[PDB]
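First to last, the protein sequences are chains E and P.
Residues 11 to 169 (the UniProt record's numbering) are what the first sequence spells out, left to right.
Residues 8 to 154 (the UniProt record's numbering) are what the second sequence spells out, left to right.
Where is the CB? At the ideal position from N, CA and C, for every residue including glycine.
Worksheet for the structure shown next.
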Amino acid sequence: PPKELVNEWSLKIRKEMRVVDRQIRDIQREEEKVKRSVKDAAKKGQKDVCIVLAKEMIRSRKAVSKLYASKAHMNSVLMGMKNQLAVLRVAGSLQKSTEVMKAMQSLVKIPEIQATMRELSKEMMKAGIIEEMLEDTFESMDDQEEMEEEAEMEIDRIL
Amino acid sequence: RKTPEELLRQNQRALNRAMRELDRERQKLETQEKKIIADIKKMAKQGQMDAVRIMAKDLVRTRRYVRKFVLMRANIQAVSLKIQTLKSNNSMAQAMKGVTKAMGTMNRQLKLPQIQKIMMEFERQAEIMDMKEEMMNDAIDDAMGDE
């Protein structure tokens, strides 16, 4: 299973990142100890040995930076693995959607709906001319300009 | 065998589950991101002038990933939005076929020729009314006269 192994290796990734964090913490305890030693060297007046103490100060810090880079890189590859799992699952969901897509589009097809296209077109073709014939024969009964003018005059009388 | 609409509902809510779990993963990464800014701020005062750079790279990379988790969330919802209109199209097709059949059986009742025959008969009878009436008034007004 793809999902199962991702969680396992992700939890191992954080397990090891915590070990790296512990290493950083121990080196930082030594960092504080050497900083206190530097302060002790400075007050004694032997500022010359403080140079070697500062070299000690910075070498441990370079080690800290290396460990932090290691931690960030492990985190990065972990995020990449999670990303690939998400992409794979998205593709699977798309395929599942396509399956039901085809299944439910299988019923209605182009030819039998184009037959209805033409059928409705012709039915409306006939209906329009029939309605126009009725409208024309009922409007042929009497004059329209004569009646239409009396219509506005009706509005004044009612109002 | 499964009916087409049964598969549709399952697929839709499976997509919803995928969206929810993508949201959960994004939320976890945002919490990790906040932890990252917290650690950078803690180490910024301490210094080292470079570990802040490594964690800044890690932070922008976390942002880059959450970008596309949101993107896949949108991608998943988009196909659900597409499949929603499919049943609307099918419903319109079926209803349109039904109303087309109704219109056809309505038009088959009175076709072109007999409606025209009704038209001519009614118009001829309207001719007859006017002829009779106007002839009557002509004759009777002529007989009365004097004014």
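Rounded to whole angstroms, what is the Cα-Cα separation between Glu12(P) and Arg115(P)?
If you take the alpha carbons of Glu12(P) and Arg115(P), they lie about 36 Å apart.
Using 8 Å as the threshold, is the C-beta distance between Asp65(P) and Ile43(P) below it?
Cβ atoms of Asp65(P) and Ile43(P): closer than 8 Å.
Under 8 Å, Cβ to Cβ, is there at least one residue of chain P near residue 171(E)?
Shown here, chain E extends from 11 to 169; a query on residue 171(E) therefore has no answer.
Tell me which same chain residues have a C-beta within less than 7 Å of the C-beta of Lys48(P), skipping the five on either side of it?
So the list is empty, once near-sequence residues are dropped.
So, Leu88(E) versus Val30(E), is the Cβ gap smaller than 8 Å?
Result no, Cβ atoms of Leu88(E) and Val30(E) do not sit closer than 8 Å.
DSSP on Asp153(P), reduced to helix/strand/coil?
Coil.
Of the choices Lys54(E), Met143(E), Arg128(E), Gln124(E), whose alpha-carbon is the least far from that of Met127(P)?
Minimum Cα distance to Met127(P) is reached at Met143(E).
Counting only beta-carbon atoms, is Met143(E) nearer than 8 Å to chain P?
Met143(E) counts as touching chain P.
Confirm, please, whether the CB-CB distance from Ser107(E) to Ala25(P) is below 8 Å.
Result no, Cβ atoms of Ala25(P) and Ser107(E) do not sit closer than 8 Å.
Could you tell me which of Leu119(P), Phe129(P), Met138(P), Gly54(P) sits nearest to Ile140(E), measuring between CA atoms?
Per the C-alpha coordinates, the member of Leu119(P), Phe129(P), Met138(P), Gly54(P) positioned closest to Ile140(E) is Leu119(P).
Under 7 Å, CB to CB, which of the residues in the stretch 88-110 of chain P have a partner in chain E?
Cβ contacts with chain E: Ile90, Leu93, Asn97, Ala100, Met103, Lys104, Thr107, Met110.
With DSSP as the reference, label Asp58(E) as helix, strand or coil.
Three-state result, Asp58(E): coil.
Spatial distance of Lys132(E) from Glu145(E) (CA atoms):
Roughly 20 Å separates the two Cα atoms.
Could you compute how far the alpha carbon of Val59(E) sits from the alpha carbon of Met62(P)?
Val59(E) and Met62(P): Cα-Cα distance of roughly 33 Å.
Any idea what DSSP makes of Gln55(P), helix, strand or coil?
If DSSP states are grouped into helix, strand and coil, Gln55(P) belongs with coil.
Can you give, in chain order, each stretch of the alpha helix (DSSP H) that sits fully within the stretch 102-162 of chain E and has at least 4 residues?
Fully enclosed alpha helix (DSSP H) runs of 4 or longer: 120-149.
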